[PDB]
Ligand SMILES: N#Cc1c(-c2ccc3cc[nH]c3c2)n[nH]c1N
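A lone chain, given as structure tokens: the form solved without the ligand.
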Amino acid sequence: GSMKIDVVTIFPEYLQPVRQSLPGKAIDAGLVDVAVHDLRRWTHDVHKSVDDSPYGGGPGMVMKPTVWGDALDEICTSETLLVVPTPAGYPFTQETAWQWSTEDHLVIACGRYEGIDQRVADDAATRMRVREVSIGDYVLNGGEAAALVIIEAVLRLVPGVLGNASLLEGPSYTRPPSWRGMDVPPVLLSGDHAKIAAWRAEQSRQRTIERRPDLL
């Protein structure tokens, strides 16, 4: 029905267009609020340090637990579902999106792919629900783009929020009936709606075998 989403990131501008994309009707009805927070607000030092070298050595940096702990202490409540995008996560799927669409409060913690110190999520899990999730089998430098994907996939399932109303979907067609020598499949113009459904099912089957044989 209605959802608050807080996003925490060192790149708050990354989230601005998705804020601007919420229809005013949904905001005014109180169906949705998306707030973005600069993680640096919770830094302790004059240099606004958010990361530090990894224990046990090796490359990259790990985000500081003291900074994230303070940020989440402020932003989260007992009702919060804390979402942490990471290539090391459980898979985020359409089933996940449906589940999260009825939450009252998502907090999305965007960090670099080398990680937020694991104690942040471990501590947070003692007082709220935490879900570390991957949006696909690739690495991104940080969680921000994954956050945009999650926000969109979840909110388009909340009635009235984004303005929108197994086997893969097959090809779609519109006017004109002939274009650059390619005709729309004549079955779609036949007025035989049972036949059209069967044709679409076969297109779906062939496409799934070709692109996603894992689904069969």
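Don't overthink the numbering: it's just position in the shown sequence, from 1.
One more form of this protein, deposited with the ligand bound, exists but is not displayed; see below.
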{"item": "Binding-site state, shown form vs the ligand in the bound PDB entry, superposed, 3 or more atoms under 2.4 Å of backbone or C-beta", "value": "blocked"}
{"item": "Contact label in the bound PDB entry: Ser134 to the ligand, heavy atom within 4.5 Å", "value": "yes"}
{"item": "Non-hydrogen atom contact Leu106 with the ligand in the bound PDB entry at 4.5 angstroms", "value": "no"}
{"item": "Interface membership of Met128, the ligand in the bound PDB entry, 4.5 Å heavy atom rule", "value": "no"}
{"item": "Exercise: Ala146 in contact with the ligand in the bound PDB entry, heavy atom 4.5 Å", "value": "yes"}
{"item": "Sequence-ordered residues of 88 to 111 touching the ligand in the bound PDB entry, heavy atom within 4.5 Å", "value": "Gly111"}
